[PDB]
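Numbered from 1 within each chain, the chains take letters A, B, ... in sequence-line order.
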Protein chains: 2
Amino acid sequence: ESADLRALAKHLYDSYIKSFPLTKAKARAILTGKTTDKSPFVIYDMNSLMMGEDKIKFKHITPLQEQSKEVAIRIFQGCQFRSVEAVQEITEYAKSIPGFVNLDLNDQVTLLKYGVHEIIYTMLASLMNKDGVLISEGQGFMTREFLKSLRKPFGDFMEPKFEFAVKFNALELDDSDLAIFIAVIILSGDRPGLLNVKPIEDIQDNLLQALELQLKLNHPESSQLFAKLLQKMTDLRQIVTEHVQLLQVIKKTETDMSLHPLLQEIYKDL
Amino acid sequence: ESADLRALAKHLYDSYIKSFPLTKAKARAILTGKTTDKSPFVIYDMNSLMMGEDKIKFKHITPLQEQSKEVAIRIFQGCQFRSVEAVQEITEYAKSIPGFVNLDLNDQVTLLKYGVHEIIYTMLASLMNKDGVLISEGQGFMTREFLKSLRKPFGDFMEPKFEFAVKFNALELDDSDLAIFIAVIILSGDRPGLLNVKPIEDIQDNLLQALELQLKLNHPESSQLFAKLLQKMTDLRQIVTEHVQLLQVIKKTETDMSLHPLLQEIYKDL
């Protein structure tokens, strides 16, 4: 019955809006400068970053950066912190997925473990366009160029993010679509360590059905968007890897730099 | 048109049948499946490997284990020769796909370049079971346990393929199913260096519609099988990424050998 799958879709979309403060729709309204009811401050260089606090609340070194906790490090920890923020929202959203909280606690954890980062990059896309990404809840916009020019290492951490964002956004999915896709990602079943694989696959099959009908119904003219979207799932895996290793490099070349334990936790390499 | 998609399917099935000698139907009958009208020589130890390579039809090397080209290497060189044969069979099959030969030649090359590995591992699954893989046109069977007890480097080579094969074959796809799946993999559109993506995706979109109807008619009670098969494509992607990796590692083992040149060519890299 397509009727029960539309109800699952509505349920998920409803929860999604409740768990993520900045929707893609609000993101695009902000990025498409035509809608100027409140526009973002743009950080495109060391000078813009400096004043990026005069107006926007950035509890981070406004002045000199080098000998005083360099800019590259601060920007990084800024995203680091933004990631944990997302991990808590994604975690809250996951609890609303029917069947999820009834799964063995150990698997719920495993599902969140590997799913979170793939979800963070999918949703990060919503705040991006070829030239940059929205920051501080959309109050700001940091350029893709400014980020590409930071300290040797920290200069290629966001690049593969925009690469993915670019091709992912070309699909033109909206929040109602993303809510089901994100749900699908959390309930994989091919994660390492899962104790009870069947119960997870059964829920995912239902989510898969919901997503299929949803796309068929919201993008009637987009042939095979469903197949197209499922494959992007490999681009996500590659980003996580590159990120984890580039993360290990900072680990030993910046021993004075810390990493949030939540992120450090969902971070069991390999 | 339903009939149109049914025509594309039987056509790919027929081409598949003529390009690929050993069918999964044929391989299944041999493997775990009883059907004893011709049994394979089982290679489960070094002795059986010697007492087999000097008896099984293998036009390359022979039993040589002791200061005479080690076993792990001889076996490695064997799957290389096998993989190179598989490339020629996959190539002929691609040409049978409607629209493929109409594409810009450079693109045709690109699609095969980055597609043959994913295809090779997909069809390898058909020759595998949780215990081993059929060898030599199906005249042999090399145990999984044996392949994993090889020299440090070579002992982790086939395992990640068995893991994949085990999960993949669970979907119980037959040859008419696979014929379309492979065609879909070939016409990706997201391969690096492609000059004209539109026609490629139009064709794959046509191929995806044919696989979909095929899975629905051939597996009416197999729910969301279509979505599950597509999610396995990323599984292929990873295996490929991991393979070329452990491979580059081998590069730092077998190298400078003034007699390998004309053979190094034949096996370039892919």
If you round to the nearest 0.5 Å, how far is OG1 of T23(B) from CZ of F20(B)?
11.5 Å
Between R191(B) and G115(B), what is the shortest heavy-atom contact and its length?
NH2-CA, 3.9 Å
Measure the CG-CD1 distance between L236(B) and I185(B) for me, rounded to the nearest 0.5 Å.
5.0 Å
Residue pairs passing the side-chain hydrogen bond (donor to acceptor under 3.5 Å, both in side chains) test where at least one lies in residues 44-62 of chain B, sequence neighbours excluded:
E53(B)-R74(B)
Side-chain donor/acceptor of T32(B) to backbone N/O of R28(B), under 3.5 Å
no
Test item: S149(B) side-chain N/O and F146(B) main-chain N/O as donor-acceptor pair under 3.5 Å:
yes
Testing the basics here: between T122(B) and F164(B), what is the closest heavy-atom pair and its distance to 0.1 Å?
CA-CE2, 4.2 Å
How long is the gap from CG on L230(B) to CD on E212(B), to the nearest 0.5 Å?
9.0 Å
Answer yes or no: is there a side-chain heavy-atom contact under 4.5 Å between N129(A) and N169(A)?
no
Do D131(B) and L31(B) come close enough that some side-chain heavy atom pair is under 4.5 Å?
no
For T234(B) and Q231(A): C-alpha separation, side-chain torsions, deciding distance, then whether side-chain hydrogen bond (donor to acceptor under 3.5 Å, both in side chains) applies.
CA-CA 7 Å; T234(B) 67; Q231(A) 298 175 58; over 6 Å; no
Nearest heavy atoms of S83(A) and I120(A), plus distance in Å
O-CD1, 4.0 Å
Tell me, do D202(B) and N206(B) make a side-chain contact under 4.5 Å, heavy atoms counted?
no
Does a side-chain N-to-carboxylate-O contact under 4.0 Å join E254(B) and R151(B)?
no
Quick check: does any side chain N or O of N196(B) sit under 3.5 Å from a backbone N or O of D107(B), one acting as donor and the other as acceptor?
no
Kindly give the heavy-atom pair with the smallest separation between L208(B) and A227(A), and that separation in Å.
CD1-CB, 3.7 Å
Nearest heavy-atom contact between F154(B) and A72(B) is CD1-CB, 3.4 Å
What is the distance from atom CG of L49(B) to atom CZ of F41(B), rounded to the nearest 0.5 Å?
9.0 Å
What's the spacing between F76(B) CZ and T253(B) OG1 if we round to 0.5 Å?
9.5 Å
Given side chains that start at C-beta, do those of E159(A) and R144(A) come closer than 4.5 Å, heavy atoms only?
yes
Test: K113(A) and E265(A) ion pair at under 4.0 Å:
no
Intermediate values then yes/no, side-chain contact (heavy atoms from CB on, under 4.5 Å), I135(B) and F141(B):
CA-CA 5 Å; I135(B) 262 64; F141(B) 185 75; over 6 Å; no
Please check if the side chain of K161(A) supplies one atom and the backbone of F157(A) the other of a donor-acceptor pair under 3.5 Å.
yes
Nearest atoms (heavy-atom pairs only) where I239(B) meets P160(B):
CD1-O, 3.2 Å
Is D190(A) salt-bridged to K232(B), cutoff N-O under 4.0 Å?
yes
State, without any angle test, whether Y267(A) and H243(A) hold a side-chain donor-acceptor pair at a distance under 3.5 Å.
yes
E172(B), CD: over 12 other non-hydrogen atoms inside 6.0 angstrom
no
Indicate yes or no: at least one non-hydrogen side-chain atom of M158(B) is less than 4.5 angstrom from one of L124(B).
yes
Check whether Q80(A) reaches the backbone of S258(A) with its side chain - one donor and one acceptor, N or O, closer than 3.5 Å.
yes
State, with a plain yes or no, whether a side-chain heavy atom of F162(B) is found less than 4.5 Å away from one of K148(B).
no
Are any of the side-chain nitrogens in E92(B) or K18(B) under 4.0 Å away from the carboxylate oxygens of its partner?
no
Report the C-alpha separation of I186(A) and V116(A) in whole Å, then their side-chain angles, then the decisive distance to 0.1 Å, and conclude whether the side-chain contact (heavy atoms from CB on, under 4.5 Å) test is met.
CA-CA 8 Å; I186(A) 300 181; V116(A) 56; over 6 Å; no
Do side-chain atoms of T255(A) reach the backbone of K252(A) as a donor and acceptor pair under 3.5 angstrom?
no
Evaluate side-chain contact (heavy atoms from CB on, under 4.5 Å) for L173(B) paired with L225(B), printing each intermediate quantity in order.
CA-CA 9 Å; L173(B) 282 47; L225(B) 182 60; 4.2 Å; yes
Quick one about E201(B) and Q224(A) (side-chain donor to acceptor, distance below 3.5 Å, no hydrogens or angles considered), yes or no?
no
Given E118(B) and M123(B), is the side-chain contact (heavy atoms from CB on, under 4.5 Å) satisfied, shown in steps?
CA-CA 9 Å; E118(B) 289 166 42; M123(B) 298 188 298; over 6 Å; no
N/O donor-acceptor pair under 3.5 Å between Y121(B) side chain and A165(B) backbone
no
Report yes if the side chains of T110(B) and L195(B) come closer than 4.5 Å at any heavy-atom pair, otherwise no.
no
When rounded to the nearest 0.5 Å, the distance separating CD1 of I266(A) from CG of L263(A) is 4.5 Å
Do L229(B) and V184(B) have side-chain heavy atoms sitting under 4.5 Å apart?
no
So with a 6.0 Å cut-off around OH of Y13(B), is the heavy-atom count from everything else above 12?
no
Backbone N or O of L64(B) within a donor-acceptor pair of the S68(B) side chain at under 3.5 Å?
no
Using a strict cut-off of less than 4.0 Å between a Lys/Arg side-chain nitrogen and an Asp/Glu carboxylate oxygen, indicate whether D174(B) and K24(B) qualify as a salt bridge.
no
With a 4.0 Å cut-off, would you call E145(B) and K130(B) a salt bridge?
no
